[PDB]
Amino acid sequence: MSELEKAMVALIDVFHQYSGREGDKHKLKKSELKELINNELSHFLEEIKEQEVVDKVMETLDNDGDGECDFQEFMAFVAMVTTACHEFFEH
């Protein structure tokens, strides 16, 4: 696959790694999302060490209001970290 195709497949794969852990296998619960961030974005975001921060990220990301992060809502978080990293550097 190209460098873009591989990247797209990795987003799918990572969302599935964390979402199939508990309950709804195709949505991220608070605990799943915290592990995803803490394990998989250590060089991009501060580790979450507080409940308040898990709560807040979920509230930001939860657009349909079910209290979970689904794949659409995950791709939106991906855009805002990727944009953050882009915003960061002068290119």
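In this text, the rigid core denotes the largest set of C-alpha atoms whose superposition between the two forms falls within 1.5 Å. Residue numbers run from 1 along the displayed sequence.
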*Fit on the core, then compare CA atoms: does 79-87 or 14-22 lie farther from this form in 6 other deposited structures of this protein?*
79-87
_Average Cα temperature factor in the PDB entry - higher stretch of 14-22, 74-82_ = 14-22
*Selected stretch [higher average CA B-factor]: 28-36 or 43-51*: 43-51
*Chain-relative CA temperature factor third for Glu3*: middle
